[PDB]
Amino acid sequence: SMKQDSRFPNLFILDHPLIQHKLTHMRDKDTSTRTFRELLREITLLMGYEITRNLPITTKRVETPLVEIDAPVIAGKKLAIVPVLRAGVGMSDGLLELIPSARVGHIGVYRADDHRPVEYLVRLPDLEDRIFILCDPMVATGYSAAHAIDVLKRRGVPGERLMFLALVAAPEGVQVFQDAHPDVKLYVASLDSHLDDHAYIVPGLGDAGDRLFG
């Protein structure tokens, strides 16, 4: 299920034993770049599963080998998964595995530590009546997540239709993000403790890029 920190009204910590367990193996610096990629997919599928408990259902006539029925379906086409380049791509794999019918978008943001112009790629589906789920493993300073969301907010889509998916966040990041977008939900596997002098999340996972790509 779900867990919340007093400072952060829109942060949710998904603390299922198996998310937690799989997270630790990612945390472990002995874990290979292979297994690290898998766990990335795996956790995020699980997280996608918690977030989607309340998806509306409709029906559709389907023929089973025995009978025609009105069988329950979701409107998967109404969702857009938007990995943040480059480390978010492994996450969207897991969500795309969960909900294959979804639209995929992509956002390219340069890693800045303040509010300058940073965007280098935006590729998005049609915006009409559509929920957007962004993902990036790390929310360290919270600037990259803010800017990524900023892209959708510039295009007129409001907080209520936006979500951000992460693995690990630092409280200083969740705070920056919250200030910029208080109405956008942020889902997280763990709210870690602090940032170091080099802006790495502690205890964190180390440098995401290095562990995904060597």
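Residue numbers run from 1 along the displayed sequence.
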Segment of higher mean CA temperature factor, 108 to 116 or 88 to 96: 108 to 116
Given 58 to 66 and 167 to 175, the range whose Cα B-factors average higher in the PDB entry: 58 to 66
Entry-reported Cα temperature factor of residue 48, expressed as the chain third it lands in: lowest
Entry-reported Cα temperature factor of residue 82, expressed as the chain third it lands in: lowest
Chain thirds of CA B-factor: placement of residue 147: lowest
Third of chain Cα B-factors occupied by residue 42: lowest
Residue 134 CA temperature factor, ranked by third within the chain: lowest
